[PDB]
Each structure stands twice: as C-alpha cells, then as structure tokens.
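Everything below belongs to my_file.txt, which stores compact mmCIF, C-alpha atoms and all ligand atoms.
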```
# COMPACT_ATOMS: atom_id res chain seq x y z
CA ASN K 4 258.56 162.55 139.77
CA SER K 5 260.05 166.07 140.42
CA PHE K 6 261.14 165.66 144.06
CA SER K 7 264.90 166.23 144.17
CA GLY K 8 267.68 165.94 146.75
CA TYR K 9 266.00 163.25 148.90
CA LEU K 10 267.72 160.36 150.70
CA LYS K 11 265.92 157.07 149.97
CA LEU K 12 265.25 155.27 153.28
CA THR K 13 263.14 152.37 151.91
CA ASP K 14 261.37 151.27 148.76
CA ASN K 15 258.72 154.02 149.33
CA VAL K 16 260.01 156.47 152.00
CA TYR K 17 262.28 159.42 151.17
CA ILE K 18 263.64 162.20 153.45
CA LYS K 19 265.18 165.66 153.04
CA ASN K 20 266.22 168.63 155.23
CA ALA K 21 263.80 171.18 153.83
CA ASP K 22 261.16 173.71 154.80
CA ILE K 23 257.91 172.02 153.74
CA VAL K 24 256.44 175.42 152.67
CA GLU K 25 259.37 176.09 150.33
CA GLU K 26 259.31 172.47 149.07
CA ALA K 27 255.57 172.68 148.34
CA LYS K 28 256.03 175.99 146.46
CA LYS K 29 258.78 174.45 144.32
CA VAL K 30 257.20 171.10 143.58
CA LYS K 31 253.46 171.88 143.67
CA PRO K 32 252.77 168.25 144.69
CA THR K 33 249.42 166.58 144.28
CA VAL K 34 249.19 166.27 148.08
CA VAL K 35 250.89 168.16 150.88
CA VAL K 36 250.20 166.84 154.42
CA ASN K 37 249.39 169.25 157.22
CA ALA K 38 250.09 168.36 160.86
CA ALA K 39 246.61 169.40 161.91
CA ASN K 40 244.62 169.38 165.15
CA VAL K 41 240.99 168.23 165.39
CA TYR K 42 239.67 171.83 165.14
CA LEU K 43 241.83 172.65 162.10
CA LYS K 44 243.14 175.67 164.04
CA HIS K 45 246.40 176.31 162.18
CA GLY K 46 248.32 178.27 164.81
CA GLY K 47 251.89 177.05 164.88
CA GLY K 48 254.38 174.46 163.66
CA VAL K 49 253.74 173.02 160.21
CA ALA K 50 250.09 174.12 160.25
CA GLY K 51 250.84 177.75 161.12
CA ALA K 52 253.56 177.87 158.45
CA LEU K 53 251.39 176.30 155.68
CA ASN K 54 248.44 178.52 156.59
CA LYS K 55 250.55 181.71 156.56
CA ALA K 56 251.89 180.74 153.11
CA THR K 57 248.25 180.62 151.87
CA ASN K 58 247.59 184.13 153.19
CA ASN K 59 245.09 182.56 155.69
CA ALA K 60 242.97 181.02 152.90
CA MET K 61 243.62 177.57 154.44
CA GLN K 62 242.17 178.78 157.77
CA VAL K 63 239.08 180.34 156.13
CA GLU K 64 238.39 177.08 154.24
CA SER K 65 239.05 175.03 157.39
CA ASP K 66 236.63 177.09 159.51
CA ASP K 67 233.87 176.44 156.95
CA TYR K 68 234.75 172.69 157.00
CA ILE K 69 234.46 172.53 160.82
CA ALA K 70 231.22 174.56 160.85
CA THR K 71 229.68 171.94 158.50
CA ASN K 72 231.27 168.71 159.76
CA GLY K 73 232.49 169.23 163.31
CA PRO K 74 235.96 168.27 164.55
CA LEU K 75 238.12 165.52 163.19
CA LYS K 76 239.10 162.47 165.25
CA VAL K 77 242.66 162.11 166.62
CA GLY K 78 244.18 159.69 164.03
CA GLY K 79 241.82 160.98 161.30
CA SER K 80 242.10 163.26 158.31
CA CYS K 81 240.27 165.29 155.69
CA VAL K 82 241.18 166.38 152.19
CA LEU K 83 240.88 170.10 151.47
CA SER K 84 242.40 172.46 148.93
CA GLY K 85 246.18 172.85 148.67
CA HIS K 86 245.67 176.51 147.65
CA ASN K 87 248.91 177.94 146.20
CA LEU K 88 250.99 175.10 147.62
CA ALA K 89 249.62 171.83 146.17
CA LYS K 90 246.56 170.46 144.46
CA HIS K 91 245.25 169.11 147.80
CA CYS K 92 246.11 169.39 151.47
CA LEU K 93 245.59 166.20 153.49
CA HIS K 94 245.03 167.50 157.06
CA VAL K 95 246.10 164.61 159.35
CA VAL K 96 245.72 164.64 163.14
CA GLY K 97 248.48 162.81 164.94
CA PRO K 98 248.21 162.48 168.75
CA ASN K 99 249.58 165.43 170.71
CA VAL K 100 251.64 164.16 173.64
CA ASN K 101 251.57 167.75 175.16
CA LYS K 102 247.72 167.43 175.35
CA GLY K 103 248.08 163.83 176.79
CA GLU K 104 246.85 161.90 173.71
CA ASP K 105 247.63 158.22 173.08
CA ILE K 106 250.77 157.75 170.98
CA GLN K 107 249.30 154.43 169.68
CA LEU K 108 247.05 156.59 167.50
CA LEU K 109 250.13 157.58 165.48
CA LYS K 110 249.88 154.42 163.34
CA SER K 111 246.18 155.23 162.57
CA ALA K 112 247.26 158.77 161.61
CA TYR K 113 249.89 157.49 159.13
CA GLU K 114 247.37 155.02 157.59
CA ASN K 115 245.60 158.05 156.04
CA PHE K 116 248.65 158.45 153.79
CA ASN K 117 247.89 155.11 152.08
CA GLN K 118 244.87 156.69 150.33
CA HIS K 119 247.29 158.81 148.18
CA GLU K 120 249.85 157.48 145.74
CA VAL K 121 252.43 160.17 146.50
CA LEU K 122 252.65 162.82 149.27
CA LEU K 123 254.90 165.54 150.63
CA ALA K 124 254.71 165.36 154.44
CA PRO K 125 256.19 166.27 157.81
CA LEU K 126 256.81 163.73 160.61
CA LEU K 127 253.47 163.36 162.42
CA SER K 128 253.27 164.03 166.14
CA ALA K 129 256.86 165.35 166.26
CA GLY K 130 257.84 169.00 166.87
CA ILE K 131 255.31 170.87 169.02
CA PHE K 132 253.11 167.70 169.16
CA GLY K 133 255.63 166.31 171.62
CA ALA K 134 256.42 162.77 170.34
CA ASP K 135 259.88 161.39 169.62
CA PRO K 136 260.65 162.08 165.91
CA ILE K 137 262.78 158.88 165.69
CA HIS K 138 259.66 156.90 166.70
CA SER K 139 257.51 158.85 164.25
CA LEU K 140 259.86 158.00 161.37
CA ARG K 141 259.80 154.30 162.37
CA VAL K 142 255.97 154.22 162.46
CA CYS K 143 255.89 156.05 159.08
CA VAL K 144 258.22 153.44 157.47
CA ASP K 145 256.27 150.53 159.00
CA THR K 146 252.82 151.92 158.06
CA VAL K 147 252.88 153.93 154.85
CA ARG K 148 253.07 151.85 151.66
CA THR K 149 252.55 154.73 149.17
CA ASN K 150 255.40 157.09 148.15
CA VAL K 151 256.11 159.59 150.90
CA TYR K 152 258.59 162.47 150.70
CA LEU K 153 259.36 163.64 154.22
CA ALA K 154 260.52 167.22 154.81
CA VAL K 155 262.42 167.80 158.05
CA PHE K 156 262.82 171.48 158.86
CA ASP K 157 265.66 171.28 161.42
CA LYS K 158 269.06 170.25 160.02
CA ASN K 159 270.25 168.87 163.36
CA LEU K 160 267.14 166.68 163.62
CA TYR K 161 267.49 165.58 159.97
CA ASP K 162 271.08 164.40 160.66
CA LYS K 163 269.96 162.59 163.85
CA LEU K 164 267.10 160.85 161.97
CA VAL K 165 269.43 159.67 159.15
CA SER K 166 272.26 158.57 161.49
CA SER K 167 269.90 156.55 163.74
CA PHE K 168 267.79 154.98 160.93
CA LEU K 169 267.67 151.27 161.00
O1 LIG G 1 260.56 169.02 160.62
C1 LIG G 1 260.90 169.30 161.73
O2 LIG G 1 262.01 169.90 162.03
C2 LIG G 1 260.04 169.00 162.94
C3 LIG G 1 259.55 167.53 162.96
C4 LIG G 1 258.03 167.58 162.89
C5 LIG G 1 257.71 168.93 162.33
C6 LIG G 1 258.75 169.86 163.00
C7 LIG G 1 258.88 171.23 162.39
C8 LIG G 1 259.65 172.20 163.03
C9 LIG G 1 259.76 173.46 162.52
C10 LIG G 1 259.10 173.82 161.32
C11 LIG G 1 259.13 175.11 160.75
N1 LIG G 1 258.49 175.43 159.64
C12 LIG G 1 257.78 174.48 159.02
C13 LIG G 1 257.67 173.21 159.47
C14 LIG G 1 258.33 172.84 160.66
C15 LIG G 1 258.25 171.55 161.22
```
Can you present the structure in this file as structure tokens?
Amino acid sequence: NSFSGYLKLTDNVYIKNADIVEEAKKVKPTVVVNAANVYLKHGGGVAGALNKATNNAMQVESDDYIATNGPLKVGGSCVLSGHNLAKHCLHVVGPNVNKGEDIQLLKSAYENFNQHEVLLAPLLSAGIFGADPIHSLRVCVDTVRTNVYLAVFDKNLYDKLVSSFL
C-alpha cells in the first residue's frame, strides 16, 4: 500500500507522527476513522479537523444520518462518505472520560476496525476524550487484527507512545 514513513509496531499496527487530515489528503485511503460522538457533532479534535477539511459536508451528511437513524451507541460506529479525504469515513465512538463514560467500552470501539481490511485512524478516546493514549494504543494492538495506520498529531505524544511501547 501507499502509506509511507510509519513505524511498524506489530504484524498489523503501524504508527506515524502526522496530521490525520494531511495524511488522508495525501493517501486518499479506503477508510479514514473519525473520533466521533454519538450525535455525530463534529466540533473539535479529530472530528472538527476532518469536518473542516470537508468544508462542512461531513456535518451536513451526518445531520441527515442522525435525523434518520438516531444517535450511535458508545462503542459503536457507522460508515459514511469520506468526501474529499477518503472513500469512506468510519465514525467510531470511543468512551469520553470527560463525560464519565466507561473506558471498558474502548475495546468494543476498536472492534469496529476489524470490519475493514485497512484503515487510517487516530487513537480512540485519547486527546479531548480524556483517556490515557498509552492505554488506547495497547487496546488497539490487542483488539484490531486488520491493518491499521495510526496518525498521532502531537510529536511529543508520538515519541512517548513509541518509547513506552511494549
Ligand atoms: O493524535 C494526537 O495527538 C491525539 C491523540 C488522539 C487524537 C489527538 C489529537 C490531537 C490534536 C489533533 C489535531 N488535529 C487533528 C487531529 C488531532 C488529534
């Protein structure tokens, strides 16, 4: 495949210090993962950045999805368009520790990735979702079996994740 510059962590997990918006524009992957909430309100973090890169088209599509189907479950996902970034966007809801949600749902959230052979993704529940990114990477490695290319925006966090990886 065309992903370049990644550190191989395991047989199927790869990681890079990169802005997932810029990576998606360069690679045009089959699937880019959004760190969504149950309402698909793409305000900040990964979701706000991906949505802004689509000129708000992701939000317009998402509002129609919710009007038809109602909210997602914490730990659940839906497949929508990837717009100008990817063929598809897999919107995955990891638990938000800053809203008091159960971190055990993080494994269920990563299981959605197994429905796709290859994905470009952020660490679920990390960043503004409040979980420990080292824990998120561990759950990713121990749950996802398909090929996942993780983009970590912050260089300092990337270096901490590599240097602490078991
Ligand atoms: O990758 C990271 O550094 C952390 C870990 C979970 C996602 C979070 C993050 C932070 C800033 C971001 C800016 N722009 C886009 C995506 C972004 C994602």
- request: Give as a list in words the residues surrounding ligand LIG 1 (chain G) up to a distance of 6 Å, considering all atoms listed in the file.
  value: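 The residues near ligand LIG 1 (chain G) are residues 22, 23, 48, 49, 52, 125, 126, 129, 130, 155, 156 and 157 of chain K.
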message: If we count all atoms listed in the file and set the cut-off at 10 Å, which residues sit around residue 116 of chain K, ignoring sequence neighbours fewer than 2 positions away in its own chain? Please answer as a list in words.
response: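 So the residues in contact are residues 34, 36, 80, 93, 95, 111, 112, 113, 114, 118, 119, 120, 121, 122, 123, 124, 143, 146, 147, 148, 149, 150 and 151 of chain K.
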field: Which of K:97, K:45, K:4, K:11 sits closest to residue 168 of chain K [using only C-alpha atoms]
entry: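 Smallest separation from residue 168 of chain K among the options: K:11.
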field: Residues within 10 Å of residue 64 of chain K, all atoms listed in the file, excluding chain neighbours under 6 positions, as a PyMOL selection string
entry: chain K and resi 43+83-84+86
message: For a quick check of your reading of the model, name the residues lying within 8 Å of the coordinate (255.9, 167.8, 172.9), counting all atoms listed in the file, and write them as a PyMOL selection string.
response: chain K and resi 99-101+129-134
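The nearest approach to residue 39 of chain K among the residues K:53, K:164, K:88, K:60, with all atoms listed in the file taken into account, belongs to K:53.
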message: To one decimal place in Å, what is the distance between atom CA of residue 117 of chain K and atom CA of residue 15 of chain K?
response: 11.2 Å
field: Neighbour list for residue 42 of chain K as a ChimeraX atom specification, cut-off 9 Å, only C-alpha atoms, skip fewer than 4 positions in-chain
entry: /K:65-66,69,73-75
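One distance worth recording is that between atom CA of residue 13 of chain K and atom CA of residue 144 of chain K, which is 7.5 Å.
One distance worth recording is that between atom CA of residue 32 of chain K and atom CA of residue 141 of chain K, which is 23.6 Å.
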